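Single chain ahead, by itself, as structure tokens, in the form solved without 4-[(acetyloxy)methyl]benzoic acid (VZQ).
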């Protein structure tokens, strides 16, 4: 069934599973036309497909050309997501194929199930968690590779850098979700936190800075403060 707080540790067992987030697949800027009407202009997007155990993000870049001449783009975006995820599963060796795919929004369930009919044994699951994966485009280099693409393109990389050398996948995912929740609630502040100390750099092949364990505790505390702050700035508390 659905994924919630009670069955949280299943994410880190040894059954291969993927989260799929479609919140950045279809992206637009809304603007006024010369006549004073409103129009949308699509910009490049991405499917966010993440193995939470290994950190493997199969980032599928969605070029604006895929929307050309198409109607009801928000509905097509869910089916395009499902088509790309199905194609990704088919491209993986049998022993790398997921046993479950968890979709972060319920509207993805039917499109993915229909595209995955060939894989009756892969469970397609919703979740009750409010995961912050929409903020993946607040990761500088990730936004840059998606906005530089001139054609459809796939980028496989570990969204947890080298963290698993030092911490468990449970802890890595908690850090990731905390960073992304912070970037979602106040991006400028969150990014200021991450870079304030220029002596801590980001490796050429890394998204996040090379913090020591002690510095991550500090960082992580500062991201919590931010999320509590913003929550007071929001609700006045």
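Residue numbers count along the first chain shown, from 1. Each form is matched to the other, and the largest set of C-alpha atoms that superpose within 1.5 Å is called the rigid core.
Between 101-109 and 155-163, which one strays more from this form in 9 other deposited structures of this protein if you match the rigid core and compare Cα atoms?
This comes out as 155-163, the stretch further from the shown form in 9 other deposited structures of this protein.
Do the Cα atoms of 200-208 or those of 28-36 sit farther, on average, from the shown form in 9 other deposited structures of this protein after fitting on the core?
The stretch that sits farther from the shown form in 9 other deposited structures of this protein is 28-36.
Of 85-93 and 69-77, which one has the bigger average CA B-factor?
So the stretch with the higher mean C-alpha B-factor is 69-77.
Between 208-216 and 190-198, which has the larger average Cα B-factor in the PDB entry?
Comparing 208-216 with 190-198, the higher average CA B-factor belongs to 190-198.
When you compare the CA B-factors of 128, 110, 140, 162 as listed in the entry, which one comes out on top?
Of the candidates given, the C-alpha B-factor peaks at 128.
In terms of the CA temperature factor given in the entry, to which third of its chain does residue 153 belong: lowest, middle or highest?
Answer is middle: the recorded C-alpha B-factor places it there.
Among the modelled residues of its chain, does the C-alpha B-factor of residue 227 lie in the lowest, middle or highest third?
It falls in the top third of the chain.
Thinking about Cα B factors across the chain, which third does residue 136 belong to?
For residue 136, whose C-alpha B-factor we compare with every modelled residue in the chain, the answer is the middle third.
Ranking every modelled residue in this chain by its Cα temperature factor as given in the entry, which third contains residue 183?
According to the entry, residue 183 has a C-alpha B-factor in the chain's highest third.
How does residue 123 rank on Cα B-factor within its chain, lowest, middle or highest third?
Middle third, going by the recorded CA B-factors of the chain.
Not on display, but discussed next: the form deposited with 4-[(acetyloxy)methyl]benzoic acid (VZQ) bound.
Overlaying the pocket C-alphas and bringing 4-[(acetyloxy)methyl]benzoic acid (VZQ) over as found in the bound PDB entry, would you call this site open, or blocked by 3+ ligand atoms sitting within 2.4 Å of backbone or C-beta?
Blocked: the placed ligand clashes with backbone or C-beta atoms.
Using a 4.5 angstroms cut-off on non-hydrogen atoms, would residue 129 count as touching 4-[(acetyloxy)methyl]benzoic acid (VZQ) in the bound PDB entry?
Residue 129: contacts 4-[(acetyloxy)methyl]benzoic acid (VZQ) in the bound PDB entry.
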